[PDB]
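J.: Compact mmCIF, C-alpha atoms and all ligand atoms, file start.txt:
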# COMPACT_ATOMS: atom_id res chain seq x y z
CA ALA K 1 -15.08 17.97 3.42
CA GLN K 2 -12.87 19.07 6.33
CA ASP K 3 -9.72 19.01 4.21
CA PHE K 4 -6.32 17.47 4.98
CA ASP K 5 -2.67 18.00 4.02
CA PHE K 6 -1.68 15.02 1.86
CA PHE K 7 -2.22 11.32 1.16
CA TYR K 8 -0.08 8.42 2.24
CA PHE K 9 -0.33 5.96 -0.67
CA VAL K 10 0.44 2.59 0.91
CA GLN K 11 1.38 -0.49 -1.06
CA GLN K 12 2.50 -3.82 0.29
CA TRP K 13 4.46 -6.87 -0.77
CA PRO K 14 1.95 -9.76 -0.50
CA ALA K 15 4.67 -12.35 0.11
CA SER K 16 5.75 -10.61 3.33
CA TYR K 17 2.21 -10.69 4.68
CA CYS K 18 1.97 -14.43 4.01
CA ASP K 19 5.32 -15.74 5.23
CA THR K 20 4.86 -14.59 8.83
CA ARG K 21 3.51 -16.20 11.98
CA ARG K 22 0.07 -14.68 11.33
CA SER K 23 -2.63 -16.14 9.08
CA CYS K 24 -2.93 -15.12 5.43
CA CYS K 25 -5.62 -16.42 3.09
CA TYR K 26 -5.51 -16.06 -0.68
CA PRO K 27 -8.43 -14.12 -2.29
CA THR K 28 -11.47 -15.87 -3.78
CA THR K 29 -9.72 -15.30 -7.11
CA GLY K 30 -6.71 -17.33 -6.01
CA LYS K 31 -3.07 -16.65 -5.18
CA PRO K 32 -2.25 -12.98 -5.92
CA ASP K 33 0.31 -11.88 -8.50
CA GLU K 34 3.91 -11.55 -7.35
CA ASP K 35 3.74 -7.76 -7.48
CA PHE K 36 3.13 -4.93 -5.03
CA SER K 37 -0.53 -4.54 -4.15
CA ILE K 38 -2.50 -1.61 -2.77
CA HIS K 39 -3.16 -1.43 0.97
CA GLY K 40 -4.78 1.99 0.86
CA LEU K 41 -4.83 5.70 0.01
CA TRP K 42 -4.95 7.65 3.28
CA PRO K 43 -5.80 11.33 3.85
CA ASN K 44 -3.33 12.60 6.49
CA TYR K 45 -2.32 15.72 8.46
CA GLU K 46 1.20 17.10 8.64
CA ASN K 47 0.96 16.88 12.43
CA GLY K 48 1.11 13.08 12.30
CA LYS K 49 -2.60 12.63 12.96
CA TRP K 50 -5.34 12.05 10.40
CA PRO K 51 -9.09 12.18 9.80
CA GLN K 52 -10.95 8.86 9.59
CA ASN K 53 -14.54 7.63 9.28
CA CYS K 54 -15.66 11.04 8.02
CA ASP K 55 -19.06 9.82 6.79
CA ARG K 56 -20.27 6.78 8.73
CA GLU K 57 -23.40 6.97 6.56
CA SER K 58 -21.64 6.45 3.23
CA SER K 59 -21.38 2.71 2.61
CA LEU K 60 -19.42 1.31 -0.35
CA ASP K 61 -21.55 1.08 -3.49
CA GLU K 62 -19.99 -1.62 -5.66
CA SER K 63 -22.11 -0.65 -8.65
CA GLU K 64 -20.01 2.51 -8.98
CA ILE K 65 -16.79 0.54 -9.41
CA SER K 66 -18.28 -2.59 -11.00
CA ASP K 67 -15.91 -2.55 -13.98
CA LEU K 68 -12.86 -2.01 -11.75
CA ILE K 69 -13.55 -5.00 -9.47
CA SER K 70 -11.70 -7.60 -11.55
CA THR K 71 -8.60 -5.37 -11.53
CA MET K 72 -8.97 -4.59 -7.84
CA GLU K 73 -9.22 -8.29 -7.01
CA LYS K 74 -5.71 -8.52 -8.44
CA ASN K 75 -4.14 -5.19 -7.45
CA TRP K 76 -5.93 -4.59 -4.13
CA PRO K 77 -6.58 -8.08 -2.70
CA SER K 78 -7.46 -8.90 0.89
CA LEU K 79 -5.04 -11.42 2.38
CA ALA K 80 -6.94 -11.72 5.64
CA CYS K 81 -8.68 -14.92 6.71
CA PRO K 82 -10.98 -16.37 5.83
CA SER K 83 -10.54 -16.05 2.06
CA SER K 84 -12.72 -13.29 0.59
CA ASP K 85 -13.35 -11.34 -2.61
CA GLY K 86 -11.95 -8.15 -1.09
CA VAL K 87 -15.20 -6.17 -0.89
CA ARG K 88 -15.05 -6.04 2.91
CA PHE K 89 -11.51 -4.67 2.78
CA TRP K 90 -12.42 -2.13 0.09
CA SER K 91 -15.50 -1.14 2.05
CA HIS K 92 -13.36 -0.68 5.15
CA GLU K 93 -10.76 1.47 3.39
CA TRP K 94 -13.49 3.53 1.71
CA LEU K 95 -15.38 4.20 4.95
CA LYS K 96 -12.31 4.84 7.09
CA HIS K 97 -10.19 6.75 4.59
CA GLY K 98 -12.12 7.26 1.37
CA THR K 99 -14.88 9.29 3.04
CA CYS K 100 -12.21 11.73 4.24
CA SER K 101 -10.49 12.17 0.87
CA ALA K 102 -12.90 14.64 -0.74
CA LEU K 103 -12.91 12.20 -3.67
CA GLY K 104 -15.97 10.52 -5.13
CA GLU K 105 -16.03 6.75 -4.65
CA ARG K 106 -14.94 5.86 -8.18
CA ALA K 107 -12.30 8.62 -8.22
CA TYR K 108 -10.88 7.29 -4.95
CA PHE K 109 -10.40 3.76 -6.22
CA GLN K 110 -9.24 4.86 -9.67
CA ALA K 111 -6.66 7.12 -8.03
CA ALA K 112 -5.27 4.20 -6.01
CA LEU K 113 -5.10 2.04 -9.13
CA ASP K 114 -3.47 4.85 -11.12
CA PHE K 115 -0.81 5.60 -8.52
CA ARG K 116 0.05 1.93 -8.09
CA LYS K 117 0.73 1.79 -11.83
CA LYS K 118 2.60 5.10 -11.87
CA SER K 119 4.83 4.13 -8.94
CA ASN K 120 5.72 0.95 -10.85
CA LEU K 121 7.62 -0.42 -7.83
CA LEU K 122 8.35 -3.96 -9.06
CA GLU K 123 9.85 -2.74 -12.34
CA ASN K 124 11.75 0.14 -10.75
CA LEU K 125 13.44 -2.41 -8.51
CA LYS K 126 14.22 -4.73 -11.42
CA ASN K 127 15.90 -1.83 -13.20
CA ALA K 128 18.24 -1.72 -10.20
CA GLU K 129 18.70 -5.51 -10.24
CA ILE K 130 16.60 -5.96 -7.11
CA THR K 131 14.48 -9.08 -7.57
CA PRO K 132 12.62 -11.44 -5.18
CA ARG K 133 14.72 -14.09 -3.43
CA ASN K 134 15.08 -15.55 0.08
CA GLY K 135 17.41 -14.09 2.71
CA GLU K 136 18.36 -10.53 3.69
CA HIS K 137 20.21 -10.04 0.40
CA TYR K 138 19.49 -6.36 -0.28
CA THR K 139 20.64 -3.18 1.39
CA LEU K 140 17.76 -0.95 2.42
CA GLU K 141 19.52 1.93 0.66
CA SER K 142 19.54 0.26 -2.75
CA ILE K 143 15.80 -0.38 -2.49
CA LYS K 144 14.92 3.16 -1.42
CA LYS K 145 17.10 4.76 -4.11
CA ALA K 146 15.75 2.47 -6.82
CA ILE K 147 12.17 3.47 -6.01
CA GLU K 148 13.20 7.10 -5.61
CA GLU K 149 14.73 7.22 -9.09
CA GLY K 150 11.62 5.71 -10.67
CA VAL K 151 9.10 7.80 -8.74
CA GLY K 152 11.08 11.01 -8.29
CA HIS K 153 10.40 11.02 -4.55
CA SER K 154 11.79 9.03 -1.64
CA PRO K 155 9.56 6.27 -0.22
CA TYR K 156 9.28 5.19 3.41
CA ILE K 157 9.83 1.46 3.91
CA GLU K 158 8.03 -0.53 6.57
CA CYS K 159 9.53 -3.91 7.41
CA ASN K 160 8.22 -6.89 9.34
CA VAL K 161 9.73 -10.30 10.13
CA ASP K 162 9.17 -13.74 8.59
CA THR K 163 9.00 -17.05 10.47
CA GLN K 164 12.73 -17.50 9.78
CA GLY K 165 13.54 -14.27 11.58
CA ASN K 166 14.45 -12.38 8.41
CA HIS K 167 13.59 -8.68 8.24
CA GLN K 168 11.68 -8.15 4.99
CA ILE K 169 10.25 -5.27 2.98
CA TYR K 170 6.58 -5.24 4.01
CA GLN K 171 5.01 -1.95 2.94
CA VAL K 172 6.05 1.05 0.86
CA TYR K 173 4.75 4.52 1.61
CA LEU K 174 4.72 7.34 -0.94
CA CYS K 175 2.95 10.69 -0.64
CA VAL K 176 0.38 12.17 -3.01
CA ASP K 177 -0.90 15.76 -2.96
CA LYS K 178 -4.34 16.49 -1.52
CA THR K 179 -5.93 16.89 -4.97
CA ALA K 180 -4.70 13.38 -5.83
CA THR K 181 -2.92 14.81 -8.86
CA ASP K 182 0.64 13.56 -8.38
CA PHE K 183 3.31 12.22 -6.04
CA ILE K 184 4.95 14.78 -3.77
CA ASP K 185 7.74 14.74 -1.22
CA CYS K 186 6.33 13.45 2.06
CA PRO K 187 6.00 16.31 4.58
CA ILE K 188 6.52 13.70 7.31
CA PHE K 189 7.07 9.93 7.49
CA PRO K 190 5.75 7.32 9.94
CA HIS K 191 8.00 6.52 12.93
CA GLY K 192 8.64 2.79 12.65
CA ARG K 193 12.15 1.32 12.79
CA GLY K 194 11.90 -2.34 11.86
CA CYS K 195 14.12 -2.07 8.77
CA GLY K 196 17.73 -3.13 9.13
CA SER K 197 20.50 -2.14 6.73
CA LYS K 198 20.01 -5.49 4.95
CA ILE K 199 16.54 -6.86 4.23
CA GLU K 200 14.72 -9.64 2.43
CA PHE K 201 12.56 -9.22 -0.68
CA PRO K 202 10.78 -12.64 -0.44
CA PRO K 203 9.58 -14.41 -3.61
CA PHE K 204 6.08 -15.88 -4.00
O1 LIG K 301 -1.15 7.16 9.03
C1 LIG K 301 -1.78 6.17 9.39
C2 LIG K 301 -1.13 5.02 10.06
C3 LIG K 301 -1.92 3.87 10.32
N1 LIG K 301 -3.23 3.77 9.93
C4 LIG K 301 -3.82 2.37 10.05
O2 LIG K 301 -3.38 1.55 11.25
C5 LIG K 301 -2.59 0.30 10.95
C6 LIG K 301 -1.22 0.40 11.63
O3 LIG K 301 -0.44 -0.78 11.33
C7 LIG K 301 -2.49 0.42 9.41
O4 LIG K 301 -2.64 -0.90 8.79
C8 LIG K 301 -3.66 1.31 8.94
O5 LIG K 301 -4.82 0.43 8.83
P1 LIG K 301 -6.19 0.75 8.13
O6 LIG K 301 -6.37 2.24 8.07
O7 LIG K 301 -5.85 0.44 6.75
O8 LIG K 301 -7.45 0.05 8.12
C9 LIG K 301 -3.97 4.90 9.43
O9 LIG K 301 -5.17 4.92 9.24
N2 LIG K 301 -3.19 6.04 9.17
As structure tokens, what does this structure read like?
T.:
Amino acid sequence: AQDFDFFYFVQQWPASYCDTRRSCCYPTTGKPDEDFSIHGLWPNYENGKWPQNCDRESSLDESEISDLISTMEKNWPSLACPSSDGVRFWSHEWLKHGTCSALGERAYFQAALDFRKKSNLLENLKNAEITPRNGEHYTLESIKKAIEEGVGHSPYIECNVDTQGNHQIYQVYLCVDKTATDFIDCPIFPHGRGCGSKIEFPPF
């Protein structure tokens, strides 16, 4: 392992990936739950760069996460087309990011699953009365603070735009320490700026 500074734990709102101009295909298991799903757990550097594809000889061995697959199909689905079981996506994230995490394959996926549950984004938002509905009905501030109170750290929100031209919450970034033990304050955040003061939290 070459070591890194921290992890970006990236989750996304499925609805916002499927209501755009691009193509989204439901998993082989069917339409995903109306809940935040995992995009990936990424080893990163504090200088804005990151290591990737650290072991191009370490393919994903499904046997090691066999019993986690049914959960992953629901909490870490692939929305790309054509419809798939998600293995390609998981293989991709493992090879590109997992091999650089210093974590064993099962530990890597379990960590992602554990942090998705711990972050409890959907419920933290409900607690603040922020629920899915059409239109830019919510202030970005209310969303960030609601997650912050429930996680204890401020998230970074990435927004994209739906066919109607509404700016919507697309992905949520939180930071995890390099030992994958707990959430930490992000040393740095990405530099996007697609989130207006008012955004949409699209229903499924
Ligand atoms: O800190 C970062 C920022 C981006 N990425 C990858 O590039 C795509 C940018 O939209 C992101 O979707 C993401 O795609 P992927 O790695 O999942 O395959 C990184 O690897 N590290």
J.: Draw an axis-aligned box tight on the listed atoms of ligand LIG 301 (chain K), then pad every side by 4 Å and write out centre and edge lengths in Å to one decimal as AutoDock Vina command-line options.
T.:
--center_x -3.9 --center_y 3.1 --center_z 9.2 --size_x 15.0 --size_y 16.1 --size_z 12.9
J.: Which chains and residue numbers are within 8 Å of ligand LIG 301 (chain K), counting all atoms listed in the file, if I want them as a list in words?
T.: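 Counting only what the definition allows, namely all atoms listed in the file, the set is residues 8, 39, 40, 42, 43, 44, 48, 49, 50, 52, 92, 93, 96, 97 and 190 of chain K.
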J.: Could you check the closest approach to residue 164 of chain K for each of K:5, K:186, K:102, K:135 and tell me which residue wins, using all atoms listed in the file?
T.: K:135
J.: Find the residue from K:83, K:119, K:154, K:99 that sits nearest to residue 23 of chain K; use all atoms listed in the file when measuring.
T.: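 Ranked by minimum distance to residue 23 of chain K, first place goes to K:83.
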J.: At what distance in Å, to one decimal, does atom CA of residue 70 of chain K lie from atom CA of residue 201 of chain K?
T.: 26.6 Å
J.: Which value, in Å to one decimal, gives the distance between atom CA of residue 30 of chain K and atom CA of residue 124 of chain K?
T.: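 Separation of atom CA of residue 30 of chain K and atom CA of residue 124 of chain K: 25.9 Å.
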J.: Hey, which of K:123, K:114, K:35, K:136 ends up closest to residue 180 of chain K? Count only C-alpha atoms.
T.: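 Ranking K:123, K:114, K:35, K:136 by distance to residue 180 of chain K, first place goes to K:114.
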